[PDB]
Amino acid sequence: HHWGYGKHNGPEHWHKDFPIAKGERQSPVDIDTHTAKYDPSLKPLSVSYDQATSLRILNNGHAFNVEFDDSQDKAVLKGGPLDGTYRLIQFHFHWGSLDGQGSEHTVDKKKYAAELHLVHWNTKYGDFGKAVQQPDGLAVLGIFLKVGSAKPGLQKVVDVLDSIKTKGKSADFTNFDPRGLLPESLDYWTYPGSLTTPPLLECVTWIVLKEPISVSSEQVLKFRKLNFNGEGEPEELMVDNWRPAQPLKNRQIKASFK
Ligand SMILES: NC(=O)[C@H](CO)NC(=O)CNOCc1ccc(S(N)(=O)=O)cc1
Ligand SMILES: Cc1ccc(S(N)(=O)=O)cc1
Ligand SMILES: [Zn+2]
């Protein structure tokens, strides 16, 4: 894998090694709020993170992942558009070089400063690697970030980033409560899509919350001090690690709310 977010290896190049990049259910997409249909059959989301066990934070050269113990049903997503039980494996963000870009999904073409992805896999497939081979394998909960007031529950993440500056660095990251990253409302849009990074597998039920969270300028500035490069390599700031909106094709975006 040599894909990334540069001019020479960014999203417009990915199709050469991952031809599904041009597929029928790629993510992210623009959410056209007036075209999304309210679906009264959609259930409230059930986010059950009370027993979540965070373990570690990793700079993987594209973003940082906060990893969870997914060896039991400890932190699960169910309800909403989903059938069955999806276990939280990791969360990460996508963000920009400036506050006017960074999100992957857009809302009426609006780009947010960043987007949080809480990644869950369907327990009926047993392991994450098996789940990504299935059309209903993953559920990703997407949350927009705007710049304003600080998000108190984000600060523990911000403060460990200095210890994982470069690709391949990890740090212990226990006892982090991801409930501190949610907005007040669980109103959402949903559609069938894909992973937004290679291998771009078409295995995701996307659940994108309408209500953004607010983070401070200082918090997002610390995201932008991370590096895509490994230790001792030429410094490349980890910024603009987002894929732009892809064609909606033969898909419907449904709203949980009127
Ligand atoms: N684990 C596995 O057996 C293989 C090989 O390592 N991995 C994958 O086939 C997919 N890995 O997918 C990560 C991933 C990528 C993108 C997202 S996003 N940005 O759509 O939430 C969320 C997870
Ligand atoms: C040099 C190079 C550029 C881009 C890729 S890709 N198709 O994985 O994005 C691989 C190698
Ligand atoms: Zn993501």
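Readers should treat all values here as calculations from the given coordinates under stated rules, not as data from a laboratory. Cβ atoms come from the backbone with ideal geometry, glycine included; neighbour counts cover every protein chain shown.
Residue-wise test of (1) in contact with a helix residue (DSSP H, G or I) (Cβ under 9 Å, 6 or more places away or on another chain); (2) free of Cβ contacts under 8 Å to residues at least 12 places away in the same chain; (3) part of a loop (DSSP other than H, G, I, E, B).
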position	(1), (2), (3)
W206	no, no, no
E218	yes, no, no
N229	no, no, yes
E233	no, no, yes
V239	yes, no, yes
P244	no, no, yes
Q252	no, no, yes
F257	no, no, yes
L200 vs. criteria on the phi > 0 side of the Ramachandran plot, within 14 Å of ligand 1 (Cβ to nearest atom) and surrounded by 15 or more Cβ atoms within 10 Å (Cβ to Cβ) = yes
Only one of these conditions is not met by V66: (1) under 17 Å from the mean Cα position of the chain (by Cα); (2) part of a loop (DSSP other than H, G, I, E, B). Which number is it?
-> (2)
Pairs, please: C-beta under 7 Å, at least 6 apart or cross-chain, first residue closer than 13 Å to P244 by Cβ and in region 99-116, second among the aromatic types (F, W, Y) and part of a loop (DSSP other than H, G, I, E, B)?
-> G102/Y112; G102/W242; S103/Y112; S103/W242; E104/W242
Mind counting the residues in region 126-146 that are within 14 Å of ligand 3 (Cβ to nearest atom) and small (G, A, S)?
-> 2
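Quick one: is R25 within 16 Å of ligand 1 (Cβ to nearest atom), part of a strand (DSSP E or B) and touching a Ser or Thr at 6+ places or on another chain (Cβ under 9 Å)?
no
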How about region 114-125: which of its residues are touching a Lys or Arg at 6+ places or on another chain (Cβ under 9 Å) and within 15 Å of ligand 3 (Cβ to nearest atom)?
-> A114, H120, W121
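Rundown of residues vs (1) within 18 Å of the chain's Cα centre (by Cα); (2) surrounded by fewer than 16 Cβ atoms within 10 Å (Cβ to Cβ); (3) hydrophobic (A, V, I, L, M, F, W, C); (4) over 23 Å from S46 (Cβ atoms), yes/no style:
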{"site": "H117", "(1), (2), (3), (4)": "yes, no, no, no"}
{"site": "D127", "(1), (2), (3), (4)": "no, yes, no, no"}
{"site": "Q133", "(1), (2), (3), (4)": "no, yes, no, yes"}
{"site": "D136", "(1), (2), (3), (4)": "yes, no, no, no"}
{"site": "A150", "(1), (2), (3), (4)": "no, yes, yes, yes"}
{"site": "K156", "(1), (2), (3), (4)": "no, no, no, yes"}
Show the residue pairs that are 6+ apart or on different chains and have beta-carbon atoms under 9 Å apart, the first residue being within region 152-170 and under 21 Å from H1 (Cα atoms), the second being among the basic types (K, R).
-> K165/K225; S170/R56
